[PDB]
Amino acid sequence: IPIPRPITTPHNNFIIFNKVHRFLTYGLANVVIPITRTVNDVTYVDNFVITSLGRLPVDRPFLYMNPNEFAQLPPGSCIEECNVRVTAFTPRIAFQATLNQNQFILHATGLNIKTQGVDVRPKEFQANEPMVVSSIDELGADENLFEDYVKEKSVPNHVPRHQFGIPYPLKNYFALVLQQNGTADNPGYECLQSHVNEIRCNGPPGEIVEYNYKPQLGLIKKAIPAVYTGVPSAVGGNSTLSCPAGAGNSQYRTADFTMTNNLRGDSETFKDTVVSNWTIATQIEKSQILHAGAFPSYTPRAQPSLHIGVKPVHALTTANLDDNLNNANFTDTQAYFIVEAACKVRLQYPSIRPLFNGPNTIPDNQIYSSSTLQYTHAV
Amino acid sequence: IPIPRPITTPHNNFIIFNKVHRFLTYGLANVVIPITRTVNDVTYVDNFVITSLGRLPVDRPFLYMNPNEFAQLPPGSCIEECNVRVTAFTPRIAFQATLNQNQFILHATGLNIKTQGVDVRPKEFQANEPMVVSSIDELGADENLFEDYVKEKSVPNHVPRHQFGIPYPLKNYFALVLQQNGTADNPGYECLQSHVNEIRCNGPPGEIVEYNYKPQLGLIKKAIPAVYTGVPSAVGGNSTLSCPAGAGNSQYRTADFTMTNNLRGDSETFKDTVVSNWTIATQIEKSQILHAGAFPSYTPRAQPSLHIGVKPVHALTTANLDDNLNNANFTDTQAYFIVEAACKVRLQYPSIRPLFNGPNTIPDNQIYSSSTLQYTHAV
Amino acid sequence: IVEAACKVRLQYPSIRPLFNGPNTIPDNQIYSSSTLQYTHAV
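Now the structure itself:
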């Protein structure tokens with residue numbers, strides 16, 4: 023009368039990575055870099071306004087790991103959590127004619143979605159040091177953008197940034213922008229100051245904010261699929277009833293009229310397993328659905344800055360001219376994650392799962408950047 | 023100053039049925055019954071693998087009731103609950127040359143959805159007793177399939197199975213299958229053993245599992261509709277606004293590539310009251328919506344078996360040849376349910392309800408079997 | 377009361393036994409009550 027036979031399905035796992043970089047921003051001139059947008063009839067010029075603000079590839083994996091020795095071997099793996107903490111200090115002024131002043135320091139957390147302006151603009155300079163004077167559209171560039181950074189390769193003459201624990205400057209600064217040229221019926225800028233924080237860091241202001249994110253669908257590899265059977269030709273296919281109710285269709289839209297919001302479309306497409314992602320936006324949720332679902336997605340983006348030391352004395356009316364500050368911000372991170380060996384059919388390799396398996400995708404694969412125009416998610 | 027007038031709308035009710043059948047499985051040869059699938063070019067042959075496993079029309083009403091004296095008079099009635107309990111015993115071996131051995135017994139619960147293989151295959155035999163050697167596709171057959181069973189009619193020469201409390205054999209055995217012929221890039225079978233339970237029932241192993249199910253939408257009759265008015269021609273029709281949001285459209289899909297999952302469509306249709314169900320799948324939820332909704336549905340299916348007594352002695356290499364076992368499984372059931380006299384308009388007959396009334400259906404009526412290829416629901 | 381007392385599997389739609397439903401007067405008599413009661417319908 024006893025029972026005998028025991029067996030089972032899965033086998034999950036975890037692991038993390040630790041990294042500590044040294045970066046630096048600079049009291050970038052808080053100015054207007056207007057760019058001439060031209061159609062059949064050139065007008066509506068976008069006036070970008072720079073901010074000393076920086077950006078941390080926090081949303082990108084390389085920031086957290088070994089290049090390859092690390093973006094290595096985790097088939098089907100996802101990163102559930104991760105976080106960082108800047109902890110910077112006192113600004114390195116220089117006079118290449128001011129002396130002393132109150133250097134304020136600052137940072138703000140992924141204001142990216144709630145600030146319409148974007149982090150594009152690593153620009154060009156002038157005869158007055160910190161001086162954005164050309165800003166290049168760091169946008170629509174999406175695995176090459178944050179791709180020079182990747183050097184932390190072939191050229192040994194870029195002392196591996198990390199490993200050797202070497203300082204660094206960031207090349208992407210934030211800014212806000214406005215399309216105002218046609219006539220004068222264009223409102224002002226957003227209350228930037230509102231989303232940010234000043235300090236009068238006497239010395240080493242020590243540690244700043246600790247960023248933390250639990251990416252919704254932090255996938256970062258192809259996922260294992262399943263194995264149908266029961267109604268055959270080489271590659272069978274069955275279609276069964278259900279109660280929707282509008283099964284998700286990678287649905288999205290919006291549109292505007294003269295800087296004023298008004300329009301919203303929707304576009305619908307179909308669901309099929311994804312077959313790809317070296318180091319790309321980990322916040323992989325707006326283009327992924329696992330198995331049929333209903334989700335509207337979002338994302339965050341830390342940044343650190345030293346404000347800016349203005350140098351106006353006994354000089355009156357339409358004046359801005361500034362001072363330099365090199366500041367040693369001190370980030371470091373933790374990338375937590377899943378791992379897997381969920382196998383299914385004895386003979387097949389190397390990983391499987393069921394029918395209610397890995398996330399489905401948009402047939403024609405769409406993928407979205409984030410260095411230009413967020414609203415509530417990657418444009 | 024007193025109040026006078028009292029009245030009201032509905033009148034609900036309950037009732038159940040009790041039945042006790044005697045069935046029997048047999049230590050069906052645990053073998054491969056390959057079937058030749060042929061297109062313009064015959065290939066990809068499906069290799070079915072039999073299992074002593076049985077099946078209990080648990081999902082079908084007749085199992086629970088009087089034929090007609092019972093599938094009788096419950097207009098609009100539904101069955102909310104129901105359950106059974108096998109409680110079998112010691113296997114009846116015979117030597118038509128083995129003597130004694132350890133007969134293991136077993137059952138498993140509706141593994142149907144989580145086992146890709148189906149319960150088709152009541153087959154044919156050989157010169158070696160328990161010997162599936164032909165399996166017929168008990169599938170796509174849907175009120176005739178479990179229709180011989182119905183005799184428990190005109191022919192008095194089928195001693196009413198029940199009533200007289202007579203034993204019985206089941207004619208539908210489960211199995212798993214795989215489409216593997218073209219070349220050798222086809223994985224193995226599913227870990228069947230994983231979903232099942234062996235016993236070394238010394239004697240009368242007594243009672244086994246008690247199956248229980250509370251069908252989502254256990255309708256089993258036409259339902260009463262309502263009565264519009266207010267904007268007339270003979271049969272008026274009005275169309276009012278709402279906030280969807282994608283009102284359910286009997287939505288469904290999927291498809292595959294070489295035994296590997298990958300595709301999923303969706304197809305949309307409209308909602309209108311159903312006008313029908317003698318004895319058909321009670322688990323009537325994947326084709327029914329009551330009044331506008333959003334549901335993805337599922338189902339379960341008990342089965343009982345006596346494993347199999349293998350007879351290999353002093354015989355070596357590519358050997359299977361087996362022994363017979365007749366086992367007296369002892370099921371019995373309870374079918375609970377609703378009943379109704381919800382009336383509305385005095386003069387109309389014989390039953391009504393409101394505008395938010397009985398379940399709507401697929402215009403062209405689709406209906407789905409379950410003796411072939413489940414995934415997560417009737418194919 | 378209400379009922380679903382069934383008996384023989386195959387027959388429909390309701391049954392009961394031999395000691396079953398009320399018997400009646402062969403030629404069916406039926407009595408009014410808007411005229412002359414004594415102790416019951418005239």
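Protein chains in written order, with PDB author numbering: chain A, 23 to 118, 127 to 171, 174 to 184, 189 to 298, 300 to 314, 317 to 418; chain A', 23 to 118, 127 to 171, 174 to 184, 189 to 298, 300 to 314, 317 to 418; chain A'', 377 to 418. A prime marks a further copy of an entry chain. Even for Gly, the Cβ is constructed at its ideal location relative to N, Cα and C.
Beta carbon proximity, A':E179 to chain A'', threshold 8 Å: The beta-carbon of A':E179 is placed no less than 8 Å from the nearest beta-carbon of chain A''.
Exposed unless 16 or more other CB atoms sit within 10 angstroms - verdict on A:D180: If you draw a 10 Å sphere on the C-beta of A:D180, you find fewer than 16 other C-beta atoms in it, and that means exposed.
Euclidean distance between Cα positions of A:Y388 and A:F155: Cα-Cα distance, rounded: 55 Å.
Counted within 10 angstroms of its Cβ, other Cβ atoms place A':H346 as buried (16 or more) or exposed: A':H346 should be labelled buried.
Interface positions of the segment 264-285 of chain A facing chain A' (Cβ-Cβ less than 8 Å), listed along the chain: Under the 8 Å Cβ criterion, the segment 264-285 of chain A contributes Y264, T265, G266, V267, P268, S269, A270, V271, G272, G273, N274, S275, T276, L277, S278, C279, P280, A281, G282, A283 and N285.
Interface flag, A'':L394 vs chain A', CB-CB below 8 Å: Not a single CB atom of chain A' sits nearer than 8 Å to the CB of A'':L394.
Sufficient close CB pairs (3 or more, under 8 Å) joining the segment 266-280 of chain A to the segment 278-294 of chain A': Below 8 Å, enough C-beta pairs join the segment 266-280 of chain A and the segment 278-294 of chain A' to call them touching: three or more.
Cut-off 6 Å between Cβ atoms - residues of its own chain near A':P205, not counting five sequence neighbours on either side: Here the set comprises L46.
Under 7 Å by beta carbon: chain A residues contacting A':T415: Neighbours of A':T415 on chain A, chain order: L394 and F395.
Cut-off 8 Å between Cβ atoms - residues of its own chain near A':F92, not counting five sequence neighbours on either side: For A':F92, where only same-chain residues beyond five positions count, the Cβ hits under 8 Å are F39.
Residues sharing a beta bridge with A:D362, DSSP: Looking at the DSSP assignment, A:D362 forms a beta bridge with A:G348.
Beta-ladder partner(s) of A:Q342, from DSSP: For A:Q342, DSSP records a beta bridge to A:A138.
A:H33 versus A:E379, A:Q94, A:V418 and A:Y414, residue with shortest Cα-Cα distance: Per the Cα distances, A:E379.
Close Cβ partners of A':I37 (< 7 Å) along its chain, the five nearest in sequence each way excluded: Answer for A':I37: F376 and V378, listed in chain order.
Beta-carbon proximity of A'':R385 to A':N88, cut-off 8 Å: Yes, the pair counts as a contact, with Cβ atoms nearer than the cut-off.
A':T128 at chain A interface by Cβ criterion, 8 Å: No, because no Cβ of chain A sits closer than 8 Å to the Cβ of A':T128.
A':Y86 (DSSP reduced to helix, strand or coil): In the structure shown, A':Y86 adopts helical secondary structure according to DSSP, grouped into three states.
Closer than 9 Å at the beta carbon, the chain A' residues around A:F307: Residues of chain A' with a Cβ closer than 9 Å to the Cβ of A:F307 are, in chain order, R289, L300, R301, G302 and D303.
Reduced DSSP secondary structure (H/G/I, E/B, other) of A:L214: The answer is strand: DSSP assigns A:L214 an E or B state.
Contact list for the segment 72-99 of chain A' against chain A'', Cβ threshold 7 Å: Cβ contacts with chain A'' come from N88, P89, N90, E91, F92, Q94 and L95.
Span of the beta strand (DSSP E), counted from its first residue to its last, around A':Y414: Neither: A':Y414 is in no beta strand (DSSP E) and is coded neither H nor E.
Cutoff 8 Å: A':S336 Cβ touching any chain A Cβ: Between A':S336 and chain A, the shortest Cβ-Cβ separation is below 8 Å.
Residue span of the beta strand (DSSP E) that contains A':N35, given as start and end: Segment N34 to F36, the beta strand (DSSP E) holding A':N35.
Inter-residue Cα distance where the pair is A':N217 and A:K258: Going from the Cα of A':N217 to the Cα of A:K258 covers about 28 Å.
Distance between beta carbons of A:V106 and A:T372, contact taken as under 8 Å: That pair is a contact at about 4 Å.
Closer than 8 Å to chain A' by CB, A'':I391: Cβ-Cβ to chain A' under 8 Å: yes for A'':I391.
Under 9 Å (Cβ pairs) to chain A'', residues found in the segment 190-204 of chain A': Result list: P196, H198 and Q199.
Reduced DSSP category for A:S164 - H, G, I as helix; E, B as strand; rest coil: Of the three classes helix, strand and coil, the one that applies to A:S164 here is strand, per DSSP.
Residue span of the beta strand (DSSP E) that contains A':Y204, given as start and end: Run containing A':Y204: none; DSSP gives neither H nor E here.
Own chain, CB closer than 8 Å to A:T65, minus 5 neighbours either side, in chain order: The residues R59, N217 and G218, in chain order, have a CB closer than 8 Å to that of A:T65 in the same chain once the five nearest residues on each side in sequence are set aside.
Partners in chain A for A':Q405, counting only beta-carbon separations shorter than 8 Å: Going along chain A in sequence order, the residues near A':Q405 (Cβ under 8 Å) are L277.
Cβ-heavy atom distance, A:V232 to the ligand COA, below 7 Å: The ligand content of the structure shown is nil, which means the ligand COA is not present either.
Contact check, A':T109 vs A':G239, beta carbons under 8 Å: Not a contact, by the Cβ cut-off of 8 Å.
Neighbour flag for A':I37 against chain A'', beta carbons, 8 Å: Yes, A':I37 lies at the interface with chain A'' (some Cβ there is under 8 Å from its Cβ).
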